[PDB]
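Structure data (mmCIF, C-alpha atoms) from input.cif:
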data_my_file
#
loop_
_atom_site.group_PDB
_atom_site.id
_atom_site.type_symbol
_atom_site.label_atom_id
_atom_site.label_comp_id
_atom_site.auth_asym_id
_atom_site.auth_seq_id
_atom_site.Cartn_x
_atom_site.Cartn_y
_atom_site.Cartn_z
ATOM 1 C CA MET G 1 -5.816 13.718 8.347
ATOM 2 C CA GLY G 2 -2.632 11.520 8.236
ATOM 3 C CA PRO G 3 -1.536 7.867 7.622
ATOM 4 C CA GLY G 4 -2.946 6.687 11.009
ATOM 5 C CA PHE G 5 -6.457 7.883 10.036
ATOM 6 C CA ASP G 6 -5.872 6.520 6.499
ATOM 7 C CA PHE G 7 -5.290 2.936 7.786
ATOM 8 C CA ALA G 8 -8.211 3.252 10.278
ATOM 9 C CA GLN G 9 -10.601 4.465 7.488
ATOM 10 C CA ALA G 10 -9.538 1.563 5.201
ATOM 11 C CA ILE G 11 -10.483 -0.947 7.939
ATOM 12 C CA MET G 12 -13.777 0.809 8.820
ATOM 13 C CA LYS G 13 -15.023 1.137 5.192
ATOM 14 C CA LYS G 14 -14.609 -2.589 4.331
ATOM 15 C CA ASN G 15 -14.329 -4.608 7.595
ATOM 16 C CA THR G 16 -17.065 -3.214 9.938
ATOM 17 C CA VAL G 17 -20.814 -3.736 10.334
ATOM 18 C CA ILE G 18 -23.285 -2.368 12.857
ATOM 19 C CA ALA G 19 -24.252 -5.230 15.254
ATOM 20 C CA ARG G 20 -27.410 -4.931 17.409
ATOM 21 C CA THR G 21 -28.159 -7.284 20.337
ATOM 22 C CA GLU G 22 -30.640 -6.900 23.249
ATOM 23 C CA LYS G 23 -27.749 -5.054 25.056
ATOM 24 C CA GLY G 24 -27.356 -2.306 22.336
ATOM 25 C CA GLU G 25 -25.691 -1.289 19.041
ATOM 26 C CA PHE G 26 -21.935 -2.130 18.700
ATOM 27 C CA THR G 27 -19.186 -1.558 16.148
ATOM 28 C CA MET G 28 -18.371 -5.122 14.954
ATOM 29 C CA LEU G 29 -15.055 -5.947 13.188
ATOM 30 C CA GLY G 30 -15.231 -8.582 10.398
ATOM 31 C CA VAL G 31 -11.912 -10.511 10.270
ATOM 32 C CA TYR G 32 -12.251 -13.104 7.429
ATOM 33 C CA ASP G 33 -14.982 -15.186 5.667
ATOM 34 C CA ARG G 34 -18.186 -14.737 7.831
ATOM 35 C CA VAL G 35 -16.178 -14.473 11.137
ATOM 36 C CA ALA G 36 -16.382 -11.265 13.209
ATOM 37 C CA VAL G 37 -15.643 -10.092 16.794
ATOM 38 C CA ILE G 38 -17.662 -8.154 19.387
ATOM 39 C CA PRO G 39 -17.206 -7.499 23.155
ATOM 40 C CA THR G 40 -18.518 -10.450 25.205
ATOM 41 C CA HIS G 41 -20.808 -8.081 27.231
ATOM 42 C CA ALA G 42 -22.925 -7.655 24.005
ATOM 43 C CA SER G 43 -24.402 -11.098 25.023
ATOM 44 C CA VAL G 44 -24.725 -12.519 21.477
ATOM 45 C CA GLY G 45 -27.612 -15.032 21.087
ATOM 46 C CA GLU G 46 -28.987 -17.281 18.296
ATOM 47 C CA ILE G 47 -30.097 -14.168 16.243
ATOM 48 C CA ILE G 48 -28.317 -10.798 15.845
ATOM 49 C CA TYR G 49 -29.103 -7.728 13.652
ATOM 50 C CA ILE G 50 -26.288 -6.843 11.172
ATOM 51 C CA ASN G 51 -26.871 -3.413 9.496
ATOM 52 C CA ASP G 52 -30.579 -3.878 10.608
ATOM 53 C CA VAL G 53 -30.882 -7.314 8.843
ATOM 54 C CA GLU G 54 -32.060 -10.301 10.942
ATOM 55 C CA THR G 55 -29.105 -12.759 10.862
ATOM 56 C CA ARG G 56 -28.699 -16.290 12.309
ATOM 57 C CA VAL G 57 -25.600 -16.813 14.482
ATOM 58 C CA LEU G 58 -23.944 -20.039 13.224
ATOM 59 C CA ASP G 59 -21.392 -20.144 16.117
ATOM 60 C CA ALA G 60 -20.325 -17.854 18.986
ATOM 61 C CA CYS G 61 -17.398 -18.380 21.393
ATOM 62 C CA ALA G 62 -16.530 -16.176 24.403
ATOM 63 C CA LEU G 63 -12.745 -16.429 24.614
ATOM 64 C CA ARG G 64 -10.882 -17.071 27.890
ATOM 65 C CA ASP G 65 -7.100 -17.528 28.432
ATOM 66 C CA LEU G 66 -5.493 -20.790 29.650
ATOM 67 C CA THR G 67 -5.814 -19.428 33.254
ATOM 68 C CA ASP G 68 -9.648 -19.646 32.517
ATOM 69 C CA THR G 69 -9.691 -15.790 32.782
ATOM 70 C CA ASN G 70 -12.150 -13.671 30.689
ATOM 71 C CA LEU G 71 -10.613 -11.974 27.545
ATOM 72 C CA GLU G 72 -13.898 -10.023 26.764
ATOM 73 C CA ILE G 73 -13.734 -11.061 23.041
ATOM 74 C CA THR G 74 -16.585 -13.085 21.464
ATOM 75 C CA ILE G 75 -15.879 -14.607 18.009
ATOM 76 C CA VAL G 76 -19.085 -14.857 15.947
ATOM 77 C CA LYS G 77 -19.748 -16.715 12.693
ATOM 78 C CA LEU G 78 -22.667 -15.007 10.832
ATOM 79 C CA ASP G 79 -25.175 -16.620 8.381
ATOM 80 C CA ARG G 80 -24.418 -13.775 5.925
ATOM 81 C CA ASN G 81 -24.402 -14.036 2.077
ATOM 82 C CA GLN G 82 -21.054 -12.170 1.770
ATOM 83 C CA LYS G 83 -17.466 -12.644 3.071
ATOM 84 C CA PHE G 84 -15.282 -9.990 4.727
ATOM 85 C CA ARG G 85 -11.956 -8.982 3.204
ATOM 86 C CA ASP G 86 -9.360 -11.167 4.994
ATOM 87 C CA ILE G 87 -7.409 -8.823 7.384
ATOM 88 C CA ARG G 88 -5.729 -11.545 9.504
ATOM 89 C CA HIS G 89 -2.252 -10.439 8.229
ATOM 90 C CA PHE G 90 -2.815 -7.063 10.062
ATOM 91 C CA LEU G 91 -3.198 -8.833 13.488
ATOM 92 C CA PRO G 92 -0.229 -8.854 15.925
ATOM 93 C CA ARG G 93 1.220 -12.257 16.896
ATOM 94 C CA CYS G 94 2.225 -11.243 20.491
ATOM 95 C CA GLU G 95 1.129 -8.984 23.403
ATOM 96 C CA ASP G 96 2.786 -5.554 22.994
ATOM 97 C CA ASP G 97 2.678 -1.789 23.687
ATOM 98 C CA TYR G 98 2.051 0.643 20.752
ATOM 99 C CA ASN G 99 2.512 4.302 19.786
ATOM 100 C CA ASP G 100 0.032 6.610 18.035
ATOM 101 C CA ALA G 101 -3.184 4.491 17.950
ATOM 102 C CA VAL G 102 -6.648 5.460 16.542
ATOM 103 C CA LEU G 103 -9.969 4.229 17.984
ATOM 104 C CA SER G 104 -12.634 4.116 15.193
ATOM 105 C CA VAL G 105 -16.430 3.714 15.796
ATOM 106 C CA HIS G 106 -19.385 3.424 13.412
ATOM 107 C CA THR G 107 -22.923 3.240 14.874
ATOM 108 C CA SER G 108 -26.285 5.104 14.452
ATOM 109 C CA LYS G 109 -25.175 7.266 17.482
ATOM 110 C CA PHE G 110 -21.506 7.822 16.336
ATOM 111 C CA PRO G 111 -21.115 7.479 12.483
ATOM 112 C CA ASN G 112 -17.626 7.881 10.938
ATOM 113 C CA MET G 113 -15.972 8.632 14.341
ATOM 114 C CA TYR G 114 -12.125 8.531 14.611
ATOM 115 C CA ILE G 115 -10.267 9.332 17.903
ATOM 116 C CA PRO G 116 -6.445 9.726 18.093
ATOM 117 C CA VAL G 117 -5.920 8.043 21.519
ATOM 118 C CA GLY G 118 -2.070 8.214 21.462
ATOM 119 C CA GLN G 119 0.197 5.794 23.374
ATOM 120 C CA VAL G 120 -1.231 2.289 24.180
ATOM 121 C CA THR G 121 0.094 0.382 27.272
ATOM 122 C CA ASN G 122 0.011 -3.421 27.658
ATOM 123 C CA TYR G 123 -1.942 -3.005 30.956
ATOM 124 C CA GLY G 124 -2.674 -6.753 31.436
ATOM 125 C CA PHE G 125 -5.065 -7.409 34.336
ATOM 126 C CA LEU G 126 -8.226 -5.247 34.737
ATOM 127 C CA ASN G 127 -11.272 -5.737 36.933
ATOM 128 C CA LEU G 128 -13.741 -4.835 34.132
ATOM 129 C CA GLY G 129 -17.265 -4.220 35.497
ATOM 130 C CA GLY G 130 -16.447 -6.670 38.362
ATOM 131 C CA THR G 131 -15.028 -9.375 36.003
ATOM 132 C CA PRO G 132 -11.271 -10.225 36.177
ATOM 133 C CA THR G 133 -10.010 -9.730 32.584
ATOM 134 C CA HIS G 134 -6.559 -10.330 30.977
ATOM 135 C CA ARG G 135 -4.737 -8.960 27.836
ATOM 136 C CA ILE G 136 -6.105 -5.380 28.321
ATOM 137 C CA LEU G 137 -4.644 -2.416 26.410
ATOM 138 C CA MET G 138 -5.010 1.063 28.001
ATOM 139 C CA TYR G 139 -5.057 4.566 26.435
ATOM 140 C CA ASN G 140 -5.468 8.007 28.057
ATOM 141 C CA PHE G 141 -8.698 9.141 26.394
ATOM 142 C CA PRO G 142 -12.074 9.699 28.150
ATOM 143 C CA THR G 143 -14.095 7.184 26.087
ATOM 144 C CA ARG G 144 -17.925 7.013 26.509
ATOM 145 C CA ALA G 145 -20.908 4.649 26.302
ATOM 146 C CA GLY G 146 -21.470 3.847 22.609
ATOM 147 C CA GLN G 147 -17.735 3.258 21.744
ATOM 148 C CA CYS G 148 -17.659 -0.456 22.750
ATOM 149 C CA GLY G 149 -16.583 -2.669 19.833
ATOM 150 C CA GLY G 150 -14.624 0.292 18.398
ATOM 151 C CA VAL G 151 -11.525 -0.812 16.483
ATOM 152 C CA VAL G 152 -8.032 0.134 17.767
ATOM 153 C CA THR G 153 -5.403 0.421 14.988
ATOM 154 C CA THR G 154 -1.901 1.677 14.378
ATOM 155 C CA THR G 155 -0.454 2.196 10.870
ATOM 156 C CA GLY G 156 -0.386 -1.382 9.490
ATOM 157 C CA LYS G 157 -1.940 -3.197 12.526
ATOM 158 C CA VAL G 158 -5.399 -3.966 13.973
ATOM 159 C CA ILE G 159 -4.528 -4.410 17.684
ATOM 160 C CA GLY G 160 -7.788 -4.488 19.741
ATOM 161 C CA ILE G 161 -11.491 -3.718 20.271
ATOM 162 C CA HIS G 162 -12.691 -1.128 22.846
ATOM 163 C CA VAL G 163 -14.415 -2.815 25.894
ATOM 164 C CA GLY G 164 -14.668 -0.104 28.608
ATOM 165 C CA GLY G 165 -13.370 2.975 30.397
ATOM 166 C CA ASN G 166 -13.178 4.687 33.810
ATOM 167 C CA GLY G 167 -13.999 8.279 32.619
ATOM 168 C CA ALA G 168 -10.243 9.211 32.138
ATOM 169 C CA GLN G 169 -8.800 6.024 30.541
ATOM 170 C CA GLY G 170 -10.149 3.646 27.876
ATOM 171 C CA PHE G 171 -9.532 -0.107 27.680
ATOM 172 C CA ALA G 172 -9.373 -2.513 24.720
ATOM 173 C CA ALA G 173 -9.140 -6.320 24.497
ATOM 174 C CA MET G 174 -6.137 -7.480 22.432
ATOM 175 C CA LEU G 175 -6.681 -9.118 19.069
ATOM 176 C CA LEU G 176 -4.014 -11.772 18.344
ATOM 177 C CA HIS G 177 -3.453 -13.671 15.066
ATOM 178 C CA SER G 178 -3.728 -17.015 17.007
ATOM 179 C CA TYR G 179 -7.473 -16.346 17.774
ATOM 180 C CA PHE G 180 -8.373 -16.713 14.008
ATOM 181 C CA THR G 181 -6.338 -19.701 12.697
ATOM 182 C CA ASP G 182 -8.646 -22.085 10.661
#
For this file, produce the structure as structure tokens.
Amino acid sequence: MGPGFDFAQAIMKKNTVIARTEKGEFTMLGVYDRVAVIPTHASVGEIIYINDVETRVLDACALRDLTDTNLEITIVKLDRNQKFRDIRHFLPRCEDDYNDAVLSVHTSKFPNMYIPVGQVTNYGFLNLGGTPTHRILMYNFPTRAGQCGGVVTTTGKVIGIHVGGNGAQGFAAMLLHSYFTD
């Protein structure tokens, strides 16, 4: 409807796939080459389904900060025959707060879904399903089961992936440029 949704749509149409693990279907953001991200609670194994195609996982790393605290991001390298458009220049370099964000989801359950979530707070620490977690972004939207892996954007920036909620608020793990240096 406006330039927020325009940037979100541009990322969804070229840089997302549907990932299926034994723990469900997730929006999965492709970042560059055959490298993508997914919430760590998806429990990626040796094989994953990508748009319903059986795909070998070449590498998977659950990220933690230098306090050895969970970040809830898993970086996955996929044995896929095609590269993603490189979107690393849209990733923030530092932790920050944001205005006027969009959460975008694409699964079998929620195709072509875009949610204007509004102001995003650098929340920091969250006990997420019992697991101490750092670098959490918070927005005041009642997000639901099925939105995990959803991409959080502002105009010009890809800032996080949705990892949970409490029924009133939603929470995303930060994406930082430093996670994807090669």
Subject >> Selection near residue 8 in chain G, 7 Å with all atoms listed in the file, sequence-local residues under 6 positions removed, as a ChimeraX atom specification >> reply: /G:102,104,153
**OP:** Measure the distance from CA of residue 69 in chain G to CA of residue 133 in chain G in Å and round it to one decimal.
**Re:** 6.1 Å
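Here, the PyMOL selection byres ((chain G and resi 53-63) around 7) matches residues 40, 46, 47, 48, 49, 50, 51, 52, 64, 65, 70, 71, 72, 73, 74, 75, 76, 77, 78, 79 and 80 of chain G.
CA of residue 25 in chain G lies 11.9 Å from CA of residue 111 in chain G.
Going from CA of residue 33 in chain G over to CA of residue 110 in chain G, you cover 26.2 Å.
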**OP:** Using the chain letters and residue numbers of this document, give as a PyMOL selection string the residues selected by the PyMOL selection byres ((chain G and resi 151) around 7).
**Re:** chain G and resi 103-105+149-150+152-153+160-162
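Closest approach to residue 168 in chain G among G:39, G:142, G:130, G:116 is made by G:142 (distances from only C-alpha atoms).
Counting only C-alpha atoms, the residue from G:35, G:20, G:179, G:1 that sits nearest to residue 82 in chain G is G:35.
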Residues selected by the PyMOL selection byres ((chain G and resi 126) around 12), written as a PDB file with C-alpha atoms, in the coordinates of the input:
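Saved the output as out-v2.pdb:
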ATOM      1  CA  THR G  69      -9.691 -15.790  32.782  1.00  0.00           C
ATOM      2  CA  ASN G  70     -12.150 -13.671  30.689  1.00  0.00           C
ATOM      3  CA  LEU G  71     -10.613 -11.974  27.545  1.00  0.00           C
ATOM      4  CA  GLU G  72     -13.898 -10.023  26.764  1.00  0.00           C
ATOM      5  CA  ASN G 122       0.011  -3.421  27.658  1.00  0.00           C
ATOM      6  CA  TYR G 123      -1.942  -3.005  30.956  1.00  0.00           C
ATOM      7  CA  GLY G 124      -2.674  -6.753  31.436  1.00  0.00           C
ATOM      8  CA  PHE G 125      -5.065  -7.409  34.336  1.00  0.00           C
ATOM      9  CA  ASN G 127     -11.272  -5.737  36.933  1.00  0.00           C
ATOM     10  CA  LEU G 128     -13.741  -4.835  34.132  1.00  0.00           C
ATOM     11  CA  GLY G 129     -17.265  -4.220  35.497  1.00  0.00           C
ATOM     12  CA  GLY G 130     -16.447  -6.670  38.362  1.00  0.00           C
ATOM     13  CA  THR G 131     -15.028  -9.375  36.003  1.00  0.00           C
ATOM     14  CA  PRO G 132     -11.271 -10.225  36.177  1.00  0.00           C
ATOM     15  CA  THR G 133     -10.010  -9.730  32.584  1.00  0.00           C
ATOM     16  CA  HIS G 134      -6.559 -10.330  30.977  1.00  0.00           C
ATOM     17  CA  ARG G 135      -4.737  -8.960  27.836  1.00  0.00           C
ATOM     18  CA  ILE G 136      -6.105  -5.380  28.321  1.00  0.00           C
ATOM     19  CA  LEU G 137      -4.644  -2.416  26.410  1.00  0.00           C
ATOM     20  CA  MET G 138      -5.010   1.063  28.001  1.00  0.00           C
ATOM     21  CA  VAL G 163     -14.415  -2.815  25.894  1.00  0.00           C
ATOM     22  CA  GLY G 164     -14.668  -0.104  28.608  1.00  0.00           C
ATOM     23  CA  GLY G 165     -13.370   2.975  30.397  1.00  0.00           C
ATOM     24  CA  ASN G 166     -13.178   4.687  33.810  1.00  0.00           C
ATOM     25  CA  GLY G 170     -10.149   3.646  27.876  1.00  0.00           C
ATOM     26  CA  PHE G 171      -9.532  -0.107  27.680  1.00  0.00           C
ATOM     27  CA  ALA G 172      -9.373  -2.513  24.720  1.00  0.00           C
ATOM     28  CA  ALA G 173      -9.140  -6.320  24.497  1.00  0.00           C
TER      29      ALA G 173
END
